[PDB]
Structure formats: C-alpha cells, structure tokens
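From first to last, the protein sequence lines are chains L and H.
First residue of the first sequence? That's 183 in PDB author numbering, and the numbers climb one at a time after it.
First residue of the second sequence? That's 1 in PDB author numbering, and the numbers climb one at a time after it.
Where a beta carbon is used, it is the ideal one built from N, C-alpha and C, also for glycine.
Below is one structure, written out as structure tokens, with a few remarks after it.
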Amino acid sequence: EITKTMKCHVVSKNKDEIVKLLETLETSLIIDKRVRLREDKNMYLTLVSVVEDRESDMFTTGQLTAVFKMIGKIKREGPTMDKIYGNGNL
Amino acid sequence: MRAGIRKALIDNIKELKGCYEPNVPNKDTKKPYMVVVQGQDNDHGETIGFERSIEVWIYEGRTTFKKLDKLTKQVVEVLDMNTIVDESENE
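The following block contains the structure:
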C-alpha cells in the first residue's frame, strides 16, 4: 500500500475565482472517487479525504489537502502445470 | 486617502489651523497644525488583505501638553472607525 497526502494550490487575481475553482475541484474529486494514474487505465488513485483550508496561504502552503492511496502487487510469477500425465499398474 | 483624512480633520476640528502633507509647512505656519503621513502596506492575511498604516502628527506652540492631549482626543474621536469619503479618489 502506497499513501500520499498531496496538497494543491489555486492562484488567481480574483479570490472569488479561487473559491469557485476549489469548490469545483473538490466536488469533482469527491463524486469521482478515483483518478486515472495513466491513460492505460490500469492503475487508479482512490481518494481517502479531501480538505480545504481557506485561511492557508495561497502561495507557500496551498488551500486544498488530498490523501490518495494505491495498492500494488508484488510482481512474481512461476511455471504452470499445463499438462499432467500418469500410468496405472497393479 | 490623504485628501479624505485632511478634509475630515479640517471639517470636524476647529482649533486646527491646517492639515498639511509631510514636508510642506513653513516655519511661519500657524500652530496647531497636523501632518498626515502614510506608512507601509503589509499583507496581513486573507481576512484583512493589505493593511495600510497612517499617522497623524499633531503640532502645538509649546505652551503645554494638555492642549495637545485635548487635540489628540479630538482627532481620535474624529477618525476612529468613522467612514470617511475621499472626494479626489471618490473612494
């Protein structure tokens, strides 16, 4: 399991635009509860919690805090029993 | 904001003889007179935005400090939290 607490910024001259952009970004991240890591669609970043702190600085800190997790699989395989054979005696 | 503060001080105070800019008043200016000096503009967070600092330097004829204290109380009464309109900026 790989977990990342990724924070986001939104810069703009119009602060109301910052609020609107953060609102739509949050709603998108919530209603679509995961994100396509790559265009091959094999992986996904399931959301855990998205939180905004409007008091936080626009440039240094960043308004929105999101936590994503992903579960890999250890990449190991082995030989397979395609064919089986045996004889009978007494 | 100089015009608004100057106009408010002149209108609402009658002991005052004049409210000038920093290096204007000559030595023969009639005291008491005030001087409006603007300071920094600092980003004091999201809720306040940029906060300008303004000073109003009262002057008096070196008779006694009680006159200046009375004038200071008058200035505080005039400018403290009362909305002032700057006609030049119309803001």
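Ranked by Cα distance from L:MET225, the options L:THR242, L:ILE213, L:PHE250 and L:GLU234 are led by L:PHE250. The three-state reading of DSSP puts H:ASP43 in strand, counting E and B together. In the DSSP annotation of this structure, L:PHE241 is not part of any beta strand (DSSP E), being labelled neither H nor E. Looking from the CA of L:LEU227, the closest CA among L:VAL201, L:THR187 and L:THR242 belongs to L:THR187. Assignment of beta-bridge partners to L:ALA248 by DSSP yields L:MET188 and L:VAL232. About 6 Å separates the beta carbons of L:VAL193 and L:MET240, which is inside the 8 Å limit, making them a contact pair. Distances from the CA of L:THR209 to each of L:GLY270, L:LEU229, L:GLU183 and L:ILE266 were compared; the closest alpha carbon is that of L:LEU229. Bounds of the beta strand (DSSP E) holding H:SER53 are 50–58. Residue environment for H:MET34: buried (at least 16 other C-beta atoms within 10 angstroms of its C-beta).
Just so you know, the alpha carbons of L:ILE266 and L:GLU221 end up roughly 41 Å apart. Closer than 8 Å to the CB of H:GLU51 there is not a single CB belonging to chain L.
Around the beta carbon of H:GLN40, fewer than 16 other beta carbons sit within 10 angstroms, so the residue counts as exposed. Bridge pairing for H:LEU16: absent [DSSP].
L:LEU246 sits close to L:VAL232, with the two beta carbons spaced by under 8 Å. Taken through DSSP and simplified to helix, strand or coil, L:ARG218 comes out as strand.
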